[PDB]
């Protein structure tokens, strides 16, 4: 049940994709990587990680490859995906991690370069969009290009699904307090057209737009147009948290909300539970897409009116990557 994989964009997500596949001893063989740099620099960045520490396997490079745990992985440096020589090592499924091919029409260039399927590590417009253990049963053997949405969608979606299923969500808004990422800036300076993105990320609370709630109907069709939200980007290197304020279809207590969620996390490798008073560094390295936090649940009620606040943590790097890999393994088998 092998399938050969190529990684396009060996960055925070792309490097963690290899990390995780070796960690779970996946049957997937990673045979090629495409980025914009030398094998040398990619070896350095794979070996040493500011968030997750030394790579658990050996790493070397040659003039045109990485040698990871004694296995050779070709390195290419093609700016445009249609020029990547994917057939040279039979890379059949591309894990598209650059941020620059987030649509069907743009990821087509990997199929034109000779791959069979593309799994995109970000929202990619109206395409099949999977949160593993929420809607992965919609994957079938005709799918060629799919998205796993954002970290934030993988955090939000299981909480939202559980609340919808148990109580119905009539309307809600989300705020995620999110670690800073590579889309931001180190010192104040231009960052494309987003003004807030131009600002020094480790020195500010920065409001930030995200489509996690807005496009939740790709993942949970029943909640199409029922959710909005945004992010506040904050100075932590990884580890994030998602609050959702909802009007539910039934009146509830906090205990009742927590039981329902506990039930949804039972035998669920994607969605965990805590009643410990954890903080974001405690989620770093999580193997869940989302961890519901029963300690932060809140019911505000006056007469026939009730607001329900529910909160879940996520490691927007490694946690999300575990979800991406669950999805890759199923997408490779169909």
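Residue numbers count along the first chain shown, from 1.
Q: Select between 172 to 180 and 100 to 108 the stretch whose C-alpha atoms have the higher average B-factor in the entry.
A: Taking the mean C-alpha B-factor of 172 to 180 and of 100 to 108, the larger value falls to 100 to 108.
Q: Mind pulling up the entry and telling me whether 297 to 305 or 55 to 63 has the higher mean Cα temperature factor?
A: Higher of the two, by average CA B-factor, is 297 to 305.
Q: Tell me, please, which of 201, 81, 156, 120 has the highest C-alpha B factor according to the deposited entry?
A: When the deposited C-alpha B-factors of 201, 81, 156, 120 are compared, 81 is largest.
Q: Say you rank 125, 239, 189, 235 by Cα B-factor from the PDB entry; which sits at the top?
A: Highest CA B-factor of the listed options: 125.
Q: Just say lowest, middle or highest third for the CA B-factor of residue 196 relative to the other modelled residues in its chain.
A: Middle third of the chain for residue 196's C-alpha B-factor.
Q: Tell me, lowest, middle or highest third: where does the Cα B factor of residue 41 rank within its chain?
A: Middle third - that is where residue 41 ends up once the chain's C-alpha B-factors are sorted.
Q: Sorting the chain's modelled residues by C-alpha B-factor, tell me whether residue 161 ends up in the lowest, middle or highest third.
A: Its C-alpha B-factor, which the entry lists for residue 161, ranks in the middle third among residues of this chain.
Q: In terms of the CA temperature factor given in the entry, to which third of its chain does residue 274 belong: lowest, middle or highest?
A: It belongs to the middle third of the chain when residues are ordered by C-alpha B-factor.
Q: Give the position of residue 224 by CA B-factor within its chain, expressed as the lowest, middle or highest third.
A: It falls in the top third of the chain.
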